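Undergrad: Take a look at this one; I'll ask things after.
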Amino acid sequence: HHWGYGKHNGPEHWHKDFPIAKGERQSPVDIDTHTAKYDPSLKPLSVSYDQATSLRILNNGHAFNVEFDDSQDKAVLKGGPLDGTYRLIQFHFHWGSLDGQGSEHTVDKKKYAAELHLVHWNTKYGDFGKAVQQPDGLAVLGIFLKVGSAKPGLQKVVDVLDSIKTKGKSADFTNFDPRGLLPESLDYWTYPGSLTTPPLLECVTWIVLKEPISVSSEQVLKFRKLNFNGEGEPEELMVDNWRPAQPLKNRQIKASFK
Ligand SMILES: NS(=O)(=O)NCCNc1nonc1/C(=N\O)Nc1ccc(F)c(Br)c1
Ligand SMILES: [Zn+2]
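Going left to right, the sequence shown walks through residues 3 to 125, 127 to 261 as the entry's author numbering numbers them.
Below, the structure is given as structure tokens:
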């Protein structure tokens, strides 16, 4: 009986195995745009993905992860609210059963159809496992998805999902360029938070982009054909794999823009 997004093992149950679920810097949160304060001391975000080396795509039973070679500074996030260099390790999405839900973060209570998370770890801690034990161990770049025009840079991901339908399935996924998933603007909100999945560790600097990307209905429909279950088990569609907004508590959300 391990954690998931069902009625019996979903977000409301996670605290029983992971008491930090009720902690002081949990994610996601609602971003109240009028309460977020412009911070002129925040630098522009530096996203350097030109030498990114994707390796594999994996259905892990909760989402699909596109994994990168993080043994050298190849794809890094710097600047913004961050001190030092954060290396890209993987990206994944959260999405809904319907277009009106799916994102984890919300904006004035608005839910987007999905949310892309690019996960980076602080290279002063040597490896990801050590980084997640630190309050500034990770930086996650969050990008909202709305349904409209297709995202050309997403299609290579969409096309391979048939080969990783069920939990535990992986496929080679080389030469994917994550720059094709970014919006025009890198204006962002930032706050200190946590992993949004167990173990819910409070190790993340969240950087959530203001501008959503647009994906087609057909693209998100293919996300919804994935399975939570393993091969040869009863089919449970991988949908609504998002944690709802958590209490902001003693935190301020800062904006990079006016
Ligand atoms: N929505 S979220 O907070 O970004 N979810 C994070 C998903 N997991 C990962 N993302 O990028 N690498 C991940 C990954 N290992 O590298 N899983 C993972 C998750 C928690 C842990 F404590 C350890 Br150790 C590993
Ligand atoms: Zn995530």
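The beta-carbon is built from N, C-alpha and C at its ideal position, and this holds for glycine as well.
Using CA atoms only, rank isn't needed, just tell me which of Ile216, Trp245, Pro202 and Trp5 is closest to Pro181.
TA: As a working note, residue 181 is residue 178 in the sequence shown. Of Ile216, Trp245, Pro202 and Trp5, the residue nearest in Cα terms is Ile216.
Undergrad: To test your reading of the DSSP string, which unbroken beta strand (DSSP E) runs of 3 or more residues are found completely within the stretch 127–203?
TA: For the stretch 127–203, whole beta strand (DSSP E) runs of length 3 or above, ordered along the chain, are 141–150, 173–175 and 191–196.
Undergrad: So which residues touch the region around ligand 1, with touch meaning a C-beta under 6 Å from any heavy atom?
TA: This selection yields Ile91, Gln92, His119, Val121, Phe131, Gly132, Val135, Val143, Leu198, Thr199, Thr200, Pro202 and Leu204.
Undergrad: Does the beta-carbon of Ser99, which I'm using as the reference point, lie nearer than 6 Å to any heavy atom of ligand 4?
TA: The model on display carries ligand 1 and ligand 2 but not ligand 4.
Undergrad: Between which residues of its own chain and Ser48 is the CB-CB distance below 6 Å, once the five residues before and five after are set aside?
TA: Within the sequence shown, the letter at position 46 stands for residue 48. For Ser48, where only same-chain residues beyond five positions count, the Cβ hits under 6 Å are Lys80 and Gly81.
Undergrad: Quick check: the stretch 167–174 against the stretch 136–149, are there 3 or more CB pairs under 8 Å?
TA: No: fewer than three Cβ pairs fall under 8 Å.
Undergrad: Rounded to whole angstroms, what's the CA-CA distance from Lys228 to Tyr7? Just pull it up for me.
TA: Sequence index remark: in the sequence shown, residue 228 carries index 225 (1-based). Sequence index remark: in the sequence shown, residue 7 carries index 5 (1-based). Distance between the alpha carbons of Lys228 and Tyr7 is about 16 Å.
Undergrad: Starting from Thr108, follow its DSSP beta bridges and name the residues at the other end.
TA: The sequence position of residue 108 within the sequence shown is 106, counting from 1. DSSP lists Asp32 as partners of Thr108.
Undergrad: With the cut-off set at 7 Å, would you say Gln222 and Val161 are in Cβ contact?
TA: Walking along the sequence shown from the start, residue 222 turns up at place 219. Walking along the sequence shown from the start, residue 161 turns up at place 158. Contact: yes.
Undergrad: Measure the beta-carbon distance from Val211 to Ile33 and round it to whole angstroms, keeping in mind my assumption that it falls under 8 Å.
TA: As a first step, residue 211 must be located in the sequence shown, where it is residue number 208. As a first step, residue 33 must be located in the sequence shown, where it is residue number 31. 7 Å between Cβ atoms; contact.
Undergrad: To which residues does DSSP link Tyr51 through a beta bridge?
TA: Within the sequence shown, numbered from 1, the residue matching residue 51 stands at position 49. The partner list for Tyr51 (beta bridge, DSSP) is empty, contrary to what the question assumes.
Undergrad: How far does the beta strand (DSSP E) with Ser217 in it reach, from first residue to last?
TA: By one-based count along the sequence shown, residue 217 stands at place 214. Unbroken beta strand (DSSP E) run through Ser217: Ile216 to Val218.
Undergrad: Report yes if the CB atom of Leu90 is closer than 7 Å to the CB atom of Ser259, and no otherwise.
TA: Residue numbering aside, residue 90 sits at position 88 when the sequence shown is read from its first letter. Residue numbering aside, residue 259 sits at position 256 when the sequence shown is read from its first letter. No, they are not a contact pair.
Undergrad: According to DSSP, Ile59 sits in a beta bridge with which residue or residues?
TA: The residue given as residue 59 occupies position 57 in the sequence shown. Answer is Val68 and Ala174, bridged to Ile59.
Undergrad: Do you know offhand how far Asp175's Cα is from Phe66's?
TA: As a first step, residue 175 must be located in the sequence shown, where it is residue number 172. As a first step, residue 66 must be located in the sequence shown, where it is residue number 64. One C-alpha to the other measures close to 13 Å.
Undergrad: Would the beta-carbon of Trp209 fall within 7 Å of that of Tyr194?
TA: Position 206 of the sequence shown, counted from the start, is the residue given in the question as residue 209. Position 191 of the sequence shown, counted from the start, is the residue given in the question as residue 194. In contact: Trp209 and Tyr194 (Cβ atoms closer than 7 Å).
Undergrad: Assess, as a yes-or-no matter, whether the stretch 35–42 is touched by the stretch 52–68 under the definition of 3 or more beta carbon pairs within less than 8 Å.
TA: Contact between the stretch 52–68 and the stretch 35–42 is absent, because fewer than three Cβ pairs lie under 8 Å.
Undergrad: If we count Cβ pairs, one from each stretch, closer than 8 Å, do we get three or more for the stretch 228–244 versus the stretch 98–115?
TA: In short, these stretches touch, since the Cβ pair count reaches three.
Undergrad: According to DSSP, simplified to helix, strand and coil, what is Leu224?
TA: The sequence position of residue 224 within the sequence shown is 221, counting from 1. Note: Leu224 maps to helix in three-state DSSP.
Undergrad: Let me check one thing: in DSSP terms, what residues is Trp123 bridge-paired to?
TA: As a first step, residue 123 must be located in the sequence shown, where it is residue number 121. Its beta-bridge partners are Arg89 and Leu141.
Undergrad: In whole angstroms, what separates the C-alpha of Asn178 from that of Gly156?
TA: Position 175 of the sequence shown, counting from 1, holds the residue named residue 178. Position 153 of the sequence shown, counting from 1, holds the residue named residue 156. Straight-line Cα distance between these residues: approximately 12 Å.
Undergrad: From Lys225 to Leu164, what distance separates their C-alpha atoms?
TA: Taking the first residue of the sequence shown as position 1, residue 225 is located at position 222. Taking the first residue of the sequence shown as position 1, residue 164 is located at position 161. So the alpha carbons of these two residues sit roughly 7 Å apart.
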